[PDB]
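J.: The file below is protein_21.csv, CSV, C-alpha atoms:
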```csv
chain,number,residue,atom,x,y,z
N,1,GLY,CA,-14.9,21.4,12.8
N,2,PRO,CA,-12.3,20.8,10.2
N,3,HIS,CA,-11.3,17.4,8.7
N,4,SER,CA,-8.4,15.6,7.0
N,5,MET,CA,-7.2,12.4,5.3
N,6,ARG,CA,-3.6,11.2,5.0
N,7,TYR,CA,-1.7,8.3,3.6
N,8,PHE,CA,1.8,7.8,5.0
N,9,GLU,CA,3.7,5.3,2.9
N,10,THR,CA,7.2,3.8,3.7
N,11,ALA,CA,9.6,1.6,1.7
N,12,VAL,CA,12.8,0.2,3.1
N,13,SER,CA,15.5,-1.6,1.2
N,14,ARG,CA,18.2,-3.6,3.1
N,15,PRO,CA,21.2,-5.4,1.8
N,16,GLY,CA,20.2,-8.9,3.0
N,17,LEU,CA,16.6,-8.3,1.8
N,18,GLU,CA,15.5,-8.8,-1.8
N,19,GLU,CA,12.4,-6.7,-2.3
N,20,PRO,CA,11.6,-3.7,-0.3
N,21,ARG,CA,9.4,-3.9,2.8
N,22,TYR,CA,6.5,-1.5,2.1
N,23,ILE,CA,4.1,-0.2,4.7
N,24,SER,CA,1.1,2.1,4.1
N,25,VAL,CA,-0.9,3.7,6.9
N,26,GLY,CA,-4.1,5.6,6.2
N,27,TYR,CA,-5.5,8.2,8.7
N,28,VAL,CA,-8.9,10.1,8.9
N,29,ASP,CA,-8.8,13.2,11.2
N,30,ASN,CA,-5.3,12.1,12.3
N,31,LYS,CA,-6.5,8.6,13.5
N,32,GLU,CA,-5.4,5.4,11.9
N,33,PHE,CA,-8.1,3.7,9.8
N,34,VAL,CA,-6.4,1.3,7.4
N,35,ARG,CA,-3.1,-0.4,7.0
N,36,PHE,CA,-1.1,-2.5,4.5
N,37,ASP,CA,2.2,-4.2,5.3
N,38,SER,CA,4.0,-6.4,2.6
N,39,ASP,CA,5.6,-8.4,5.4
N,40,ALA,CA,2.2,-9.9,6.2
N,41,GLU,CA,1.7,-13.5,5.2
N,42,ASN,CA,-1.2,-12.5,2.9
N,43,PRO,CA,-0.5,-8.8,2.3
N,44,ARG,CA,-3.6,-6.6,2.1
N,45,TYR,CA,-5.2,-3.5,3.5
N,46,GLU,CA,-6.9,-4.3,6.8
N,47,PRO,CA,-9.4,-2.0,8.7
N,48,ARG,CA,-7.9,-0.3,11.7
N,49,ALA,CA,-11.2,1.3,13.1
N,50,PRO,CA,-14.5,-0.6,13.6
N,51,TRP,CA,-16.4,1.8,11.4
N,52,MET,CA,-14.4,0.6,8.3
N,53,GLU,CA,-15.7,-2.9,8.7
N,54,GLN,CA,-18.8,-1.5,6.9
N,55,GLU,CA,-16.7,-1.5,3.7
N,56,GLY,CA,-17.3,-4.6,1.5
N,57,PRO,CA,-14.8,-7.0,0.0
N,58,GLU,CA,-14.6,-5.1,-3.4
N,59,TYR,CA,-13.3,-2.0,-1.5
N,60,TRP,CA,-10.5,-4.1,0.2
N,61,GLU,CA,-9.6,-5.9,-3.0
N,62,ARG,CA,-9.1,-2.7,-5.1
N,63,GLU,CA,-7.2,-1.0,-2.2
N,64,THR,CA,-4.9,-4.0,-1.9
N,65,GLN,CA,-4.1,-3.8,-5.6
N,66,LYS,CA,-3.3,-0.1,-5.5
N,67,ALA,CA,-0.9,-1.0,-2.6
N,68,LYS,CA,0.8,-3.6,-4.8
N,69,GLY,CA,1.1,-0.9,-7.5
N,70,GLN,CA,2.7,1.4,-4.9
N,71,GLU,CA,5.1,-1.5,-4.0
N,72,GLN,CA,6.3,-1.6,-7.7
N,73,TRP,CA,6.6,2.2,-7.8
N,74,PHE,CA,8.6,2.5,-4.5
N,75,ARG,CA,10.9,-0.4,-5.6
N,76,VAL,CA,11.7,1.1,-9.0
N,77,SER,CA,12.0,4.6,-7.4
N,78,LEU,CA,14.5,3.3,-4.8
N,79,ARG,CA,16.5,1.7,-7.6
N,80,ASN,CA,16.6,5.0,-9.5
N,81,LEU,CA,17.5,7.1,-6.4
N,82,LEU,CA,20.4,4.7,-5.8
N,83,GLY,CA,21.7,5.8,-9.2
N,84,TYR,CA,20.9,9.5,-8.7
N,85,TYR,CA,23.0,9.8,-5.5
N,86,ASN,CA,25.8,7.4,-6.7
N,87,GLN,CA,25.2,5.1,-3.8
N,88,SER,CA,26.6,1.7,-4.3
N,89,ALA,CA,25.2,-1.8,-3.4
N,90,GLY,CA,25.3,-2.8,0.3
N,91,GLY,CA,23.4,0.0,2.2
N,92,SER,CA,19.9,0.5,3.7
N,93,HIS,CA,17.6,3.1,2.2
N,94,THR,CA,14.2,4.6,2.9
N,95,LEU,CA,11.6,6.3,0.6
N,96,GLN,CA,8.6,7.9,2.3
N,97,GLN,CA,5.4,9.6,1.1
N,98,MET,CA,2.6,11.7,2.6
N,99,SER,CA,-0.5,12.6,0.7
N,100,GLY,CA,-4.0,13.6,1.3
N,101,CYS,CA,-6.4,16.5,1.8
N,102,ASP,CA,-7.6,19.0,4.4
N,103,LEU,CA,-11.2,20.0,4.4
N,104,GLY,CA,-12.8,23.0,6.1
N,105,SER,CA,-15.7,22.8,8.6
N,106,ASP,CA,-17.9,23.4,5.6
N,107,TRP,CA,-16.5,20.1,4.2
N,108,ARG,CA,-14.8,21.9,1.2
N,109,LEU,CA,-11.2,21.3,0.2
N,110,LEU,CA,-8.7,23.6,2.1
N,111,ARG,CA,-5.4,22.2,0.8
N,112,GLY,CA,-3.9,19.2,-1.0
N,113,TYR,CA,-0.7,17.6,0.3
N,114,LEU,CA,1.9,15.5,-1.6
N,115,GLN,CA,5.5,15.1,-0.3
N,116,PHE,CA,8.3,12.6,-0.6
N,117,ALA,CA,11.4,12.1,1.6
N,118,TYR,CA,14.5,10.1,0.8
N,119,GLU,CA,16.8,9.0,3.7
N,120,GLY,CA,14.5,10.9,6.1
N,121,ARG,CA,15.0,14.1,4.2
N,122,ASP,CA,12.8,16.1,1.8
N,123,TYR,CA,13.3,15.0,-1.7
N,124,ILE,CA,10.4,16.5,-3.7
N,125,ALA,CA,7.0,18.0,-2.8
N,126,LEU,CA,4.0,19.3,-4.7
N,127,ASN,CA,3.4,23.0,-4.0
N,128,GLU,CA,0.0,24.1,-2.6
N,129,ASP,CA,-1.0,25.3,-6.1
N,130,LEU,CA,-0.9,21.6,-7.0
N,131,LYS,CA,0.8,22.7,-10.3
N,132,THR,CA,4.5,23.2,-9.4
N,133,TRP,CA,7.1,21.1,-7.6
N,134,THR,CA,9.7,22.0,-4.9
N,135,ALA,CA,12.9,20.0,-5.0
N,136,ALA,CA,16.0,21.2,-3.2
N,137,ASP,CA,18.7,18.6,-4.0
N,138,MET,CA,20.6,18.6,-7.2
N,139,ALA,CA,19.9,14.9,-7.5
N,140,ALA,CA,16.2,15.7,-7.1
N,141,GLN,CA,16.1,18.0,-10.2
N,142,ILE,CA,16.2,14.9,-12.4
N,143,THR,CA,12.9,13.8,-10.8
N,144,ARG,CA,11.4,17.3,-11.0
N,145,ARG,CA,12.1,17.5,-14.8
N,146,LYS,CA,10.9,14.0,-15.4
N,147,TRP,CA,7.6,14.9,-13.6
N,148,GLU,CA,7.2,18.3,-15.3
N,149,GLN,CA,7.7,16.6,-18.7
N,150,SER,CA,5.2,13.7,-18.0
N,151,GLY,CA,2.5,16.0,-16.5
N,152,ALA,CA,2.3,14.1,-13.2
N,153,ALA,CA,1.1,17.0,-11.1
N,154,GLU,CA,-2.2,17.2,-13.1
N,155,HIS,CA,-2.9,13.6,-12.2
N,156,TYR,CA,-2.0,13.9,-8.4
N,157,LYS,CA,-4.1,17.1,-8.4
N,158,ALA,CA,-7.1,15.2,-9.9
N,159,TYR,CA,-6.7,12.6,-7.1
N,160,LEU,CA,-6.4,15.3,-4.4
N,161,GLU,CA,-9.3,17.5,-5.5
N,162,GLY,CA,-11.5,14.4,-6.3
N,163,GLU,CA,-11.0,11.0,-4.8
N,164,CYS,CA,-9.5,12.3,-1.6
N,165,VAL,CA,-12.3,14.7,-0.9
N,166,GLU,CA,-15.0,12.4,-2.3
N,167,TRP,CA,-13.9,9.4,-0.2
N,168,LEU,CA,-13.2,11.5,2.9
N,169,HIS,CA,-16.9,12.7,2.8
N,170,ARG,CA,-17.9,9.0,2.7
N,171,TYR,CA,-15.7,8.1,5.7
N,172,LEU,CA,-16.9,11.0,7.8
N,173,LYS,CA,-20.6,10.0,7.2
N,174,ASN,CA,-19.8,6.3,8.0
N,175,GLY,CA,-17.7,6.9,11.1
N,176,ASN,CA,-19.9,9.5,12.9
N,181,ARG,CA,-15.4,12.9,19.5
N,182,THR,CA,-13.0,14.4,22.0
N,183,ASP,CA,-11.9,13.6,25.5
N,184,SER,CA,-11.3,16.5,27.9
N,185,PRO,CA,-8.2,16.4,30.1
N,186,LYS,CA,-8.6,15.5,33.8
N,187,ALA,CA,-6.0,17.5,35.8
N,188,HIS,CA,-4.5,17.2,39.2
N,189,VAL,CA,-1.4,18.4,41.0
N,190,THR,CA,1.1,16.2,42.8
N,191,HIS,CA,3.4,17.2,45.7
N,192,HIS,CA,6.9,16.0,45.9
N,193,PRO,CA,9.4,17.2,48.6
N,194,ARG,CA,13.0,18.1,47.8
N,195,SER,CA,15.9,20.4,48.9
N,198,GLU,CA,11.6,23.7,48.4
N,199,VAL,CA,8.9,21.4,46.9
N,200,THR,CA,8.0,20.2,43.4
N,201,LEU,CA,4.5,20.7,42.1
N,202,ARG,CA,3.7,18.7,38.9
N,203,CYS,CA,0.5,19.4,37.0
N,204,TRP,CA,-0.8,16.3,35.3
N,205,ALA,CA,-3.4,16.2,32.5
N,206,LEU,CA,-4.6,12.7,31.7
N,207,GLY,CA,-7.2,10.9,29.5
N,208,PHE,CA,-7.4,13.6,26.8
N,209,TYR,CA,-8.0,13.3,23.0
N,210,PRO,CA,-6.8,14.6,20.6
N,211,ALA,CA,-3.2,15.2,21.7
N,212,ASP,CA,-3.0,19.0,21.3
N,213,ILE,CA,-2.7,20.5,24.8
N,214,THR,CA,-0.8,23.2,26.7
N,215,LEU,CA,0.0,23.4,30.4
N,216,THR,CA,1.3,26.6,32.2
N,217,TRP,CA,2.1,27.7,35.7
N,218,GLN,CA,1.3,31.1,37.2
N,221,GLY,CA,-0.3,36.3,37.4
N,222,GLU,CA,2.6,35.6,34.9
N,223,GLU,CA,3.4,32.8,32.5
N,228,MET,CA,9.6,25.2,34.1
N,229,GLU,CA,10.1,21.5,33.2
N,230,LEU,CA,7.6,19.5,31.1
N,231,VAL,CA,7.4,16.3,29.1
N,232,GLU,CA,6.3,16.0,25.5
N,233,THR,CA,2.8,14.7,25.1
N,234,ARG,CA,2.8,10.9,25.2
N,235,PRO,CA,0.2,8.1,24.5
N,236,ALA,CA,-1.3,6.3,27.5
N,237,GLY,CA,-1.7,3.3,25.2
N,238,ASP,CA,-5.5,3.3,25.4
N,239,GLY,CA,-6.2,6.0,22.8
N,240,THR,CA,-5.8,8.9,25.3
N,241,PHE,CA,-2.7,11.1,26.0
N,242,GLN,CA,-0.8,12.3,29.0
N,243,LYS,CA,1.2,15.4,29.7
N,244,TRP,CA,2.8,17.1,32.8
N,245,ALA,CA,4.3,20.4,33.7
N,246,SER,CA,6.2,21.0,36.9
N,247,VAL,CA,7.9,23.9,38.8
N,248,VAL,CA,10.3,24.5,41.7
N,249,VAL,CA,8.5,26.2,44.6
N,250,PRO,CA,9.5,27.3,48.2
N,251,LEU,CA,7.7,25.5,51.1
N,252,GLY,CA,4.5,26.7,52.7
N,253,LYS,CA,3.8,29.2,49.8
N,254,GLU,CA,2.3,26.7,47.4
N,255,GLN,CA,-1.2,28.1,47.2
N,256,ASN,CA,0.2,31.1,45.3
N,257,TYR,CA,1.0,29.0,42.2
N,258,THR,CA,-1.6,28.1,39.6
N,259,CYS,CA,-1.7,25.6,36.7
N,260,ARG,CA,-3.7,26.2,33.5
N,261,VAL,CA,-4.7,23.4,31.1
N,262,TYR,CA,-5.9,24.4,27.6
N,263,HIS,CA,-7.6,21.8,25.4
N,264,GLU,CA,-10.0,21.9,22.4
N,265,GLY,CA,-12.6,19.9,24.2
N,266,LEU,CA,-12.7,22.2,27.3
N,267,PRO,CA,-15.6,24.8,27.6
N,268,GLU,CA,-12.9,27.0,29.0
N,269,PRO,CA,-9.3,26.6,30.3
N,270,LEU,CA,-8.8,24.7,33.6
N,271,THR,CA,-7.4,26.6,36.5
N,272,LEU,CA,-6.3,24.5,39.5
N,273,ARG,CA,-3.6,23.9,42.2
N,274,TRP,CA,-2.2,21.6,44.9
N,275,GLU,CA,-4.7,20.7,47.6
R,1,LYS,CA,-9.0,5.8,-0.9
R,2,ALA,CA,-5.3,5.1,-1.3
R,3,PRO,CA,-3.5,7.2,-3.9
R,4,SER,CA,-1.8,5.6,-7.0
R,5,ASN,CA,1.4,7.2,-8.0
R,6,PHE,CA,2.2,8.2,-11.6
R,7,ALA,CA,5.7,8.5,-13.1
R,8,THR,CA,8.5,7.0,-11.1
R,9,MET,CA,11.2,9.1,-9.5
A,1,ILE,CA,21.9,10.2,8.1
A,2,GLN,CA,21.1,9.0,11.7
A,3,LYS,CA,18.5,10.6,14.0
A,4,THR,CA,18.7,9.9,17.7
A,5,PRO,CA,15.7,8.3,19.5
A,6,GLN,CA,14.0,10.4,22.2
A,7,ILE,CA,12.7,8.1,25.0
A,8,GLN,CA,10.1,8.5,27.8
A,9,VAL,CA,9.1,5.8,30.3
A,10,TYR,CA,5.9,6.0,32.3
A,11,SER,CA,2.9,4.1,33.5
A,12,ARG,CA,-0.5,4.2,31.8
A,13,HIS,CA,-2.3,4.7,35.1
A,14,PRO,CA,-1.1,6.3,38.3
A,15,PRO,CA,1.4,3.9,40.0
A,16,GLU,CA,0.3,2.3,43.3
A,17,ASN,CA,2.5,-0.4,44.8
A,18,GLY,CA,0.9,-3.9,44.6
A,19,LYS,CA,-1.7,-3.0,41.9
A,20,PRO,CA,-1.2,-4.3,38.3
A,21,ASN,CA,-0.6,-1.6,35.6
A,22,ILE,CA,1.0,-1.1,32.2
A,23,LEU,CA,4.6,0.2,31.6
A,24,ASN,CA,5.2,2.3,28.5
A,25,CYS,CA,8.4,3.1,26.6
A,26,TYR,CA,7.7,5.7,24.0
A,27,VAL,CA,10.5,6.1,21.5
A,28,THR,CA,10.3,8.9,18.9
A,29,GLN,CA,12.3,11.2,16.5
A,30,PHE,CA,14.5,8.3,15.1
A,31,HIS,CA,15.8,7.4,11.7
A,32,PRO,CA,16.4,4.8,10.3
A,33,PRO,CA,13.2,2.9,11.3
A,34,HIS,CA,15.1,-0.2,12.5
A,35,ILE,CA,15.3,-0.1,16.2
A,36,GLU,CA,15.8,-2.5,19.2
A,37,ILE,CA,13.9,-1.9,22.4
A,38,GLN,CA,14.0,-3.9,25.6
A,39,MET,CA,12.2,-3.1,28.9
A,40,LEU,CA,14.0,-4.0,32.1
A,41,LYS,CA,13.2,-5.1,35.6
A,42,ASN,CA,16.2,-4.9,37.9
A,43,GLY,CA,18.5,-4.8,34.8
A,44,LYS,CA,17.0,-8.0,33.3
A,45,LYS,CA,15.0,-8.1,30.1
A,46,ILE,CA,11.2,-8.5,30.6
A,47,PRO,CA,10.5,-11.3,28.0
A,48,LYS,CA,6.9,-10.5,27.0
A,49,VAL,CA,7.2,-7.0,25.6
A,50,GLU,CA,4.5,-5.8,23.1
A,51,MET,CA,5.3,-3.3,20.4
A,52,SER,CA,3.0,-1.0,18.5
A,53,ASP,CA,3.1,-1.0,14.8
A,54,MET,CA,5.6,1.4,13.4
A,55,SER,CA,4.7,4.9,12.2
A,56,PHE,CA,6.2,8.1,11.3
A,57,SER,CA,5.4,11.8,12.0
A,58,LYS,CA,5.1,14.8,9.7
A,59,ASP,CA,8.8,15.6,10.1
A,60,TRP,CA,9.5,12.1,8.6
A,61,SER,CA,10.9,10.8,11.8
A,62,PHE,CA,9.7,7.4,13.1
A,63,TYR,CA,8.1,6.5,16.5
A,64,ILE,CA,6.9,3.5,18.4
A,65,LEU,CA,5.3,2.8,21.8
A,66,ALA,CA,6.6,-0.3,23.6
A,67,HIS,CA,4.6,-1.7,26.6
A,68,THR,CA,4.4,-4.6,29.0
A,69,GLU,CA,2.3,-5.5,32.1
A,70,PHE,CA,4.0,-4.9,35.4
A,71,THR,CA,3.2,-4.3,39.1
A,72,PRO,CA,5.2,-1.4,40.6
A,73,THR,CA,6.7,-2.1,44.1
A,74,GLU,CA,8.6,0.2,46.5
A,75,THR,CA,11.9,-1.4,45.7
A,76,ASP,CA,12.0,-2.7,42.1
A,77,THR,CA,13.2,-0.4,39.3
A,78,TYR,CA,12.1,-0.5,35.7
A,79,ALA,CA,13.9,0.8,32.7
A,80,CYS,CA,13.8,1.1,29.0
A,81,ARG,CA,16.9,0.3,26.9
A,82,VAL,CA,17.0,1.3,23.2
A,83,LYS,CA,19.7,0.0,20.8
A,84,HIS,CA,19.9,2.0,17.5
A,85,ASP,CA,22.4,2.9,14.7
A,86,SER,CA,22.7,6.6,15.7
A,87,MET,CA,24.2,5.6,19.1
A,88,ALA,CA,27.4,3.7,19.7
A,89,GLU,CA,25.9,2.2,22.9
A,90,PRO,CA,22.4,1.4,24.1
A,91,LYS,CA,20.6,4.2,25.9
A,92,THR,CA,18.8,3.5,29.2
A,93,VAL,CA,16.1,5.6,30.7
A,94,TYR,CA,14.8,4.6,34.2
A,95,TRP,CA,11.2,4.8,35.3
A,96,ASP,CA,10.5,7.5,37.7
A,97,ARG,CA,7.1,7.0,39.4
A,98,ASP,CA,6.6,10.7,39.8
A,99,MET,CA,7.3,11.6,36.1
```
Could you write out this file's structure as structure tokens?
T.:
Amino acid sequence: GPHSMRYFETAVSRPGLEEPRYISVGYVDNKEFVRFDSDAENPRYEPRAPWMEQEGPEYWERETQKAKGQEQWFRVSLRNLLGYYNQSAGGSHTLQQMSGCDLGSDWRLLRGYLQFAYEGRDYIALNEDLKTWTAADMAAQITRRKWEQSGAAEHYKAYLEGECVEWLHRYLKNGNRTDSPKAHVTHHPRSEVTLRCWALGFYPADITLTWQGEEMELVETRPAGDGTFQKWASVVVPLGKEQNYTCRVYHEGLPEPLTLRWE
Amino acid sequence: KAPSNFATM
Amino acid sequence: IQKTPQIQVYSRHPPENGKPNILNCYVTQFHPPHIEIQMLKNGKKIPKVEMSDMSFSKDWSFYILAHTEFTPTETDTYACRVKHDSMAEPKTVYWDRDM
């Protein structure tokens, strides 16, 4: 199966505040594994999965220092962006970053990722070639030329082809699953009766529910709060004829798609 | 292994 | 610019009157990340409400799961009320035991 690492970093400046509040969240295979928050009393990277408590105090000390570097970089960058967009003092602003690497089932690098958003909106992003930058905004051209002139891409590319893959291999070895959905249909009388197909206790979150021999209200997939997810799909059905309708759950942990009904 | 950014925006 | 929170309210486990459970309020697709969330029993704030750490998705929008212990009954109604800069007034979504 394929694998991935990501770091999602956020910096928020507010009027009343003085220095930005900076948060960095690390993920392996889309699950949170470390976290740093500058609002903490003694700010540092803390483990967020039990399998990371294997890492010794030199690992945490270095990571914490990298984060303090990021803190400096997001604060300065925020200051510069304030100038680029002619925004004055007195507002709240956000700078965000996503980086990391996707590996194939063979553990080789599939793709590097490096993207930045300002005010929730794409600012600049490293293209898949890890050589050129995409930057839509006129204001964002200043940053693109700055980064083309300094050679920044080569250095982010070295990180993404090297450290990201290297250290992802190490995390995969150290943290050596999926939970299949359990389905059931519920009956609710109305005007006609409502049949709502539930899938519960599944991980990861990717799922699809349908009703049928042809292909409706649903909810977006949601966390149960325990690590598992929920979803339901429901349909309007005339009374007495409810054995004719069939739900189908599709999930990557299922040997084959579920097919069930009201009973 | 957290990244470390290069040139500022 | 503002992005308006999407809100779902729902129990962790199937609701059964009398039996303790956990009530969720899952708020997503919002920007800026500053957000005020209250959970309500009969229109009154439940004081003990826990909040996940804040995160954001690939589309750069933020999200957060609020949750509190509660025991559903035949008669009481629970709700989630979210105050945020994209909305002039708080938005309330009521718990529906069947959704």
J.: Under the rule of at most 12 Å, produce a per-residue listing of range 67-131 of chain N near chain R: chain, number, name, the closest pair of atoms, and the distance in Å, as CSV, using only C-alpha atoms.
T.:
```
residue,atom,partner,partner_atom,distance
N:67,CA,R:2,CA,7.6
N:68,CA,R:4,CA,9.8
N:69,CA,R:4,CA,7.1
N:70,CA,R:4,CA,6.5
N:71,CA,R:5,CA,10.3
N:72,CA,R:8,CA,9.5
N:73,CA,R:8,CA,6.1
N:74,CA,R:8,CA,8.0
N:75,CA,R:8,CA,9.5
N:76,CA,R:8,CA,7.0
N:77,CA,R:9,CA,5.0
N:78,CA,R:9,CA,8.2
N:79,CA,R:9,CA,9.3
N:80,CA,R:9,CA,6.8
N:81,CA,R:9,CA,7.3
N:82,CA,R:9,CA,10.8
N:83,CA,R:9,CA,11.0
N:84,CA,R:9,CA,9.7
N:95,CA,R:9,CA,10.5
N:97,CA,R:5,CA,10.2
N:98,CA,R:3,CA,10.0
N:99,CA,R:3,CA,7.7
N:100,CA,R:3,CA,8.3
N:101,CA,R:3,CA,11.3
N:113,CA,R:3,CA,11.6
N:114,CA,R:3,CA,10.2
N:115,CA,R:5,CA,11.8
N:116,CA,R:9,CA,10.0
N:117,CA,R:9,CA,11.5
N:118,CA,R:9,CA,10.9
N:123,CA,R:9,CA,10.0
N:124,CA,R:9,CA,9.4
N:125,CA,R:9,CA,11.9
```
J.: Do you have the CA of residue 210 in chain N-CA of residue 122 in chain N distance handy?
T.: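 Straight-line distance from CA of residue 210 in chain N to CA of residue 122 in chain N works out to 27.2 Å.
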J.: Rounded to one decimal in Å, what is the spacing between CA of residue 237 in chain N and CA of residue 13 in chain A?
T.: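 Computed distance, CA of residue 237 in chain N to CA of residue 13 in chain A, equals 10.0 Å.
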J.: Quote the spacing between CA of residue 65 in chain N and CA of residue 111 in chain N in Å to one decimal place.
T.: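 Pair CA of residue 65 in chain N / CA of residue 111 in chain N returns 26.8 Å.
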J.: Residues at most 12 Å from residue 72 in chain A, counting only C-alpha atoms, excluding those fewer than 2 positions away in the same chain, as a PDB file with C-alpha atoms, in the frame of the given file?
T.:
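Done, and the output landed in around26.pdb:
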```
ATOM      1  CA  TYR A  10       5.900   6.000  32.300  1.00  0.00           C
ATOM      2  CA  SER A  11       2.900   4.100  33.500  1.00  0.00           C
ATOM      3  CA  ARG A  12      -0.500   4.200  31.800  1.00  0.00           C
ATOM      4  CA  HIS A  13      -2.300   4.700  35.100  1.00  0.00           C
ATOM      5  CA  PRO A  14      -1.100   6.300  38.300  1.00  0.00           C
ATOM      6  CA  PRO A  15       1.400   3.900  40.000  1.00  0.00           C
ATOM      7  CA  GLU A  16       0.300   2.300  43.300  1.00  0.00           C
ATOM      8  CA  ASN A  17       2.500  -0.400  44.800  1.00  0.00           C
ATOM      9  CA  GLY A  18       0.900  -3.900  44.600  1.00  0.00           C
ATOM     10  CA  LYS A  19      -1.700  -3.000  41.900  1.00  0.00           C
ATOM     11  CA  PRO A  20      -1.200  -4.300  38.300  1.00  0.00           C
ATOM     12  CA  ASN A  21      -0.600  -1.600  35.600  1.00  0.00           C
ATOM     13  CA  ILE A  22       1.000  -1.100  32.200  1.00  0.00           C
ATOM     14  CA  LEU A  23       4.600   0.200  31.600  1.00  0.00           C
ATOM     15  CA  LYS A  41      13.200  -5.100  35.600  1.00  0.00           C
ATOM     16  CA  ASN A  42      16.200  -4.900  37.900  1.00  0.00           C
ATOM     17  CA  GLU A  69       2.300  -5.500  32.100  1.00  0.00           C
ATOM     18  CA  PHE A  70       4.000  -4.900  35.400  1.00  0.00           C
ATOM     19  CA  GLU A  74       8.600   0.200  46.500  1.00  0.00           C
ATOM     20  CA  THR A  75      11.900  -1.400  45.700  1.00  0.00           C
ATOM     21  CA  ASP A  76      12.000  -2.700  42.100  1.00  0.00           C
ATOM     22  CA  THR A  77      13.200  -0.400  39.300  1.00  0.00           C
ATOM     23  CA  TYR A  78      12.100  -0.500  35.700  1.00  0.00           C
ATOM     24  CA  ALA A  79      13.900   0.800  32.700  1.00  0.00           C
ATOM     25  CA  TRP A  95      11.200   4.800  35.300  1.00  0.00           C
ATOM     26  CA  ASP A  96      10.500   7.500  37.700  1.00  0.00           C
ATOM     27  CA  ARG A  97       7.100   7.000  39.400  1.00  0.00           C
TER      28      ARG A  97
END
```
J.: Using only C-alpha atoms, which protein or nucleic acid residues come within 7 Å of range 119-121 of chain N? Drop anything in the same chain fewer than 6 positions from it, and give the result as a PyMOL selection string.
T.: (chain N and resi 93-95) or (chain A and resi 1+31+60-61)
J.: Restricting the calculation to all atoms listed in the file: of N:46, N:198, N:102, N:148, which residue gets closest to residue 128 in chain N?
T.: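 Going through N:46, N:198, N:102, N:148 one by one, the smallest distance to residue 128 in chain N is for N:102.
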J.: Compile the residues of chain A that lie within 12 Å of chain N, evaluated using all atoms listed in the file, and express the compilation as a PyMOL selection string.
T.: chain A and resi 1-3+6-14+21-34+50-69+85+97-99
J.: Compile the contact shell of residue 40 in chain A as a list in words: residues with an atom at most 10 Å away, counting all atoms listed in the file, same-chain residues fewer than 4 positions apart removed.
T.: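 Close residues of residue 40 in chain A: residues 44, 45, 46, 47, 49, 77, 78, 79, 80, 81, 92, 93, 94 and 95 of chain A.
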J.: Take the structure in the block and write a file for chain R, C-alpha atoms, as a PDB file, in the first residue's frame.
T.:
```
ATOM      1  CA  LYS R   1      11.338  15.317  10.106  1.00  0.00           C
ATOM      2  CA  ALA R   2       9.966  18.903   9.978  1.00  0.00           C
ATOM      3  CA  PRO R   3      11.084  21.000   7.005  1.00  0.00           C
ATOM      4  CA  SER R   4      13.160  24.168   7.431  1.00  0.00           C
ATOM      5  CA  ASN R   5      12.257  26.959   5.065  1.00  0.00           C
ATOM      6  CA  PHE R   6      14.762  28.905   3.043  1.00  0.00           C
ATOM      7  CA  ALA R   7      14.373  32.466   1.745  1.00  0.00           C
ATOM      8  CA  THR R   8      11.515  34.422   3.287  1.00  0.00           C
ATOM      9  CA  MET R   9       8.527  35.466   1.241  1.00  0.00           C
TER      10      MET R   9
END
```
